[PDB]
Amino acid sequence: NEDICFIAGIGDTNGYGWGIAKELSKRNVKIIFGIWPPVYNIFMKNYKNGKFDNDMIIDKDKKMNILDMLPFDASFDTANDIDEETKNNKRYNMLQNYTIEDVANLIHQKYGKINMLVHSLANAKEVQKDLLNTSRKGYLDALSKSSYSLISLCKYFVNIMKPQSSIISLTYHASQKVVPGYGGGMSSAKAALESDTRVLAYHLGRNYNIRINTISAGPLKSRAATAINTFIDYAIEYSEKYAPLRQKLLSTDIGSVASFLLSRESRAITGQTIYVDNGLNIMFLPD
C-alpha cells in the first residue's frame, strides 16, 4: 500500500524489465516504465493495440497496474546534455523531458516520492567486436550507457526516494569469467557495475539508508540478447544442459528475486551481486 517502482529499460515484454514489473505487480507495487525514445512510440502503439494484454495477466484476480510510461534515455543526465543530432532526430523531436533528471523531476511532480528503483538496461555500439578490437569510442559508450547510467540514476533519483528505499540493476557473469561473444566492452561495463554497486551501497547506505544490489541473471532470449554474436541460443542450450537445476529460466524467476530485494524482507542485504541463473555460475567443468 503506497509502493512505487520506476523501471528503467522496458522495450517490450520479452525482457527482464517486464518479468520484474509482473512480480512487483503481484505485491501491488505501482509500476512506472522508463522507455528508450527510439522504441517509445512503437511500444505505446503495441500497448494501445492490446498486444500485451495476455502478458499483463497476473492470475485469476488481477491485471498488471502500470501507473505511467515515460520516454527515458540513459545517455543524457540533464537537458543541457542533449546534442543537435538527437534534438533533430525523427523519434526524439516529438518527445521531451526524457533525460535522467527530467524523468526524476516529472515523476516526483506527478506521483511524489518513490521507494523502488530498477536499472534494467545496457547498450554498447560495438558489442559484436571482441574486446581487443573495440575502439575507445565503442568502449566508453558501453560504460556510459551500461554502467555510468546507474550512478546518474542514483544521484538524481535519491532526492525523490523515501528512506529505506531499494535499488537494483542486472548484471552478467561475463564480468567475472570469460564469455567469448560478449564483446564491445560489455564485460567491462558489467565489471564496473558490480563494483559500483558496492561503492554506491556504502554512500547510499550511510548517507540515506538506501540499499542497492545487483542481480546476475542467467540467459534469457530478449531483444538485446538476439543482438549478440545464436549466441543466446547457445547460452540457453548450454545452461539448460549443464546448470544444476535443469529448468527453463524465466524472466519472472529474476522478477521474484528483484521483488524480494526491493522489499523490506531483504532489509539487511546491500552491495551484493546475487546470482539467479539456476546455479550455472558454480560449475567448472561441464560433465
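The numbering used is simple: start at 1 and walk along the sequence shown. The term rigid core refers to the maximal set of C-alpha atoms that superpose within 1.5 Å between the two forms.
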Could you say which moves further from this form in 4 other deposited structures of this protein, stretch 201-209 or stretch 84-92, by root mean square CA distance after aligning on the core?
84-92
Deposited residues absent from the coordinates between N229 and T230, none, 1 to 3, 4 to 9, or 10 or more?
10 or more
Comparing 56-64 with 220-228, which stretch shows the greater average C-alpha B-factor in the deposited entry?
56-64
Do the CA atoms of 98-106 or those of 195-203 have the higher mean B-factor in the entry?
98-106
In the PDB entry, which of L261, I32, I42, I254 has its C-alpha at the highest B-factor?
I42
Between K190, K87, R136, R211, which one tops the list for Cα B-factor in this entry?
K87
Please place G9 in the lowest, middle or highest third of its chain by C-alpha B factor as given in the entry.
middle
Assigned third (lowest, middle, highest) for the C-alpha B factor of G184
lowest
In terms of the chain's CA B-factor thirds, is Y172 lowest, middle or highest?
lowest
Place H119 in the lowest, middle or highest third of its chain's C-alpha B-factors, as listed in the PDB entry.
lowest
By the entry's values, the third containing the CA B factor of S75 is the middle
